[PDB]
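To start, the structure itself, in structure tokens.
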Amino acid sequence: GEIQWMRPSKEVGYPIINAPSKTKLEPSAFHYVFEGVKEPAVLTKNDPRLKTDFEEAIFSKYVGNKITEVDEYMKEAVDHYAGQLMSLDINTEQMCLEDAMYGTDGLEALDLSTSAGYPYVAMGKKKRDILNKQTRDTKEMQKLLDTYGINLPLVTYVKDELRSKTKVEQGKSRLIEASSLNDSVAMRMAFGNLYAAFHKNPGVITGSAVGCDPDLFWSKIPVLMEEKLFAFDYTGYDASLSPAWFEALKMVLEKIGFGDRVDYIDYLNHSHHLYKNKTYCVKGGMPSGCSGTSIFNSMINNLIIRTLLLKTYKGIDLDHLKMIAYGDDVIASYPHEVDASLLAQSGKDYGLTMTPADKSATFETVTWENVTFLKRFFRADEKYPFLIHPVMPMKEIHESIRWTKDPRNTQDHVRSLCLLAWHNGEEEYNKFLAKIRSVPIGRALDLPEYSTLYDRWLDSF
Ligand SMILES: O=c1ccn([C@@H]2O[C@H](COP(=O)(O)OP(=O)(O)OP(=O)(O)O)[C@@H](O)[C@H]2O)c(=O)[nH]1
Ligand code: NA
């Protein structure tokens with residue numbers, strides 16, 4: 001990923017974009033009842049907490065484009081992955097505007113809470129308008145697709161969320177590159193069934209985990225993996241992607257019946273962005289707020305791991321590479337041990353910065369005891385060991401519960417945390433509930449007891 005040029009949006013006929021300057025995150029009723037060290041992320045250059053320029057920091061994620069062409073290894077990776085996806089009979093048909101907007105089996109309806117994007121954000125019009133849950137009115141939308149047409153600019157927003165102190169002092173705030181409602185609808189029509197196929201098949205055939213339900217899926221993973229597990233973290237995955245990785249992605253799409261509309265991939269790759277008063281053009285880099293970002297990032301991860309393996313171990317048998325990705329997160333396996341540190345080295349050559357799994361200091365062996373996927377561990381249940389517990393650390397839950405963005409959603413926010421929390425065991429869960437109930441707001445909440453959660457879990461399989 002690399003910014004080719006940036007300049008004043010007025011110079012090119014674009015309206016300044018208004019983004020709230022104040023966070024919506026305030027201490028919650030549980031702020032002092034639990035521990036935590038995270039604060040809201042910097043949303044402006046004027047934040048007293050800053051210890052370096054904001055703009056330089058938020059955009060430093062674009063480390064550049066390391067590779068230019070798709071080499072021999074990448075091409076092989078493409079053939080293999082595309083070969084696997086082939087076995088899913090993915091329906092190559094387009095998706096009718098109705099299903100793309102209000103969803104169908106395998107695909108959820110569009111989310112009304114996220115930015116409608118340009119030009120709407122600058123016109124003040126929102127999603128509530130165009131979309132009618134019970135109506136299913138294509139008309140208004142359909143009309144808009146002719147008036148403004150696809151392939152429109154991406155509105156860049158600073159993600160309003162909790163970050164470590166360092167990420168606050170270093171302006172390391174994440175940005176949200178939002179796509180126009182028009183594009184989201186288009187792509188969902190173009191790829192709609194690809195998404196559904198992926199959502200309906202989390203595992204090692206799609207090599208994807210998007211759309212999965214951790215409570216059920218965790219018990220299926222161990223069986224799918226090969227003997228030896230390997231993993232690693234990516235630093236700035238999305239922004240590090242070079243155009244070549246997008247071409248490889250198009251080759252996969254073409255090979256499975258979507259060559260028809262691989263142009264859509266070109267806009268993710270070479271893209272136009274609006275941020276505040278400035279406008280910029282980026283070469284490479286997966287935008288964080290487009291339709292499919294998650295799935296396309298996972299597909300690219302499947303090509304990356306394959307590529308690094310072929311480049312480092314001539315003779316490797318990709319048929320026994322069992323991996324599952326969720327964007328940049330990944331959990332992989334092979335019948336034989338491999339040198340992650342070595343693989344990370346080849347990774348640099350492809351423009352990927354890979355480091356020991358879970359901020360380790362060195363690349364150590366990956367086990368079912370220390371491996372994490374989506375910040376969650378895998379823990380077999382005491383009573384019935386064949387059922388696996390996705391275990392989110394309590395630290396994560398503690399940090400989250402200490403803040404709020406809307407007191408109206410306190411019931412839902414805490415309930416959600418409870419559904420992640422109990423997998424840590426009855427003792428821990430009850431200590432968690434106790435503290436929640438040690439202040440008025442908590443005592444008024446309708447929270448599930450351990451037993452109720454555990455019994456429900458057992459019956460869900
Ligand atoms: O809206 C956004 C923007 C960015 N991101 C994602 O955040 C990642 C970079 O944002 P982080 O600051 O969390 O990235 P990191 O993974 O590079 O941090 P390290 O562990 O290496 O210290 C990028 O790889 C992108 O995918 C989102 O998930 N959503
Ligand atoms: Na891009």
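Cβ coordinates were reconstructed from backbone atoms using ideal geometry, including for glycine residues, and neighbour counts include every protein chain displayed. Where a number appears in this text, it was derived from the coordinates with a stated rule and is not lab data.
With a/c under 1.5 counting as rounded, go ahead and sort segment 232-292 into rounded, prolate or oblate using the C-alpha gyration tensor (a ≥ b ≥ c being the square roots of the eigenvalues; past the cut-off, prolate if a/b is larger than b/c, else oblate). Verdict is oblate for segment 232-292.
Its Cα gyration tensor gives segment 263-396 an equivalent ellipsoid. The semi-axes, each the square root of 5 times an eigenvalue, are 31, 22, 15 Å from largest down.
Rounded to two decimal places and with Rh computed the Kirkwood way over Cα pairs, what is Rg over Rh for segment 1-158? So for segment 1-158, dividing Rg by the Kirkwood Rh gives 1.04.
Peptides 101-109, 418-426, ordered by how many other C-beta atoms sit within 10 Å of their residues on average, highest first, read 418-426, 101-109.
Counting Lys and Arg as +1 and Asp and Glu as -1, what is the net charge of the other residues whose Cβ lies under 11 Å from the Cβ of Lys228? The answer is -2.
Here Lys322 is the anchor, and the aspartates and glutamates within straight C-alpha reach of less than 15 Å, apart from those fewer than 8 places off in the same chain, are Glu226, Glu227, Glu337. Sequentially through segment 89-103, phi angles give Karplus couplings (6.51, -1.76, 1.60; θ = phi - 60°) of 6, 3, 5, 7, 5, 7, 10, 4, 2, 5, 4, 5, 9, 10, x Hz, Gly and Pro residues having no value and appearing as x.
Here the residues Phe377, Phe386, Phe232, ranked from fewest to most Cβ neighbours within 10 Å of their Cβ, fall in the order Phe386, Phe377, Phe232. Summing charges over all other residues whose Cβ lies under 11 Å from the Cβ of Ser460, with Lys and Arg as +1 and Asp and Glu as -1, gives -3.
In the chain, helical runs assigned H by DSSP with n ≥ 4 each contribute -39500 (n - 2.57); averaged across all residues and rounded to the nearest 500, the mean residue ellipticity at 222 nm is -10500 deg cm²/dmol. How far is the Cα center of segment 15-42 from the Cα center of segment 222-273, in Å? For segment 15-42 versus segment 222-273, the Cα centre distance is 33 Å. When each of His389, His80 is scored by the number of other beta-carbon atoms lying within 10 Å, the sequence from fewest to most is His80, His389.
Amide H contacts under 5 Å for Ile176: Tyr157, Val158, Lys159, restricted to partners 5 or more places along the chain or on a different chain, H placed in the peptide plane at 1.01 Å from N.
Positive contributions from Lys and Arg (+1) and negative ones from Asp and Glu (-1), summed over other residues with Cβ under 13 Å from the Cβ of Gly211, come out at -2. Of the residues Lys348, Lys250, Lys283, the one with the fewest other Cβ atoms within 10 Å heads the list, and the complete ranking is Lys348, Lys283, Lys250.
By definition, a body whose alpha carbon gyration tensor gives a ≥ b ≥ c is oblate when a/c is 1.5 or more and a/b is not larger than b/c, and segment 75-165 fits this oblate description.
Most tightly packed first, judged by the mean number of other beta-carbon atoms within 10 Å of their residues, the peptides 207-217, 19-29 read 207-217, 19-29.
Computed over the chain, the alpha-carbon pair-distance distribution with 10 angstrom bins reads 4, 18, 27, 30, 18, 4, 0, each value a whole percent.
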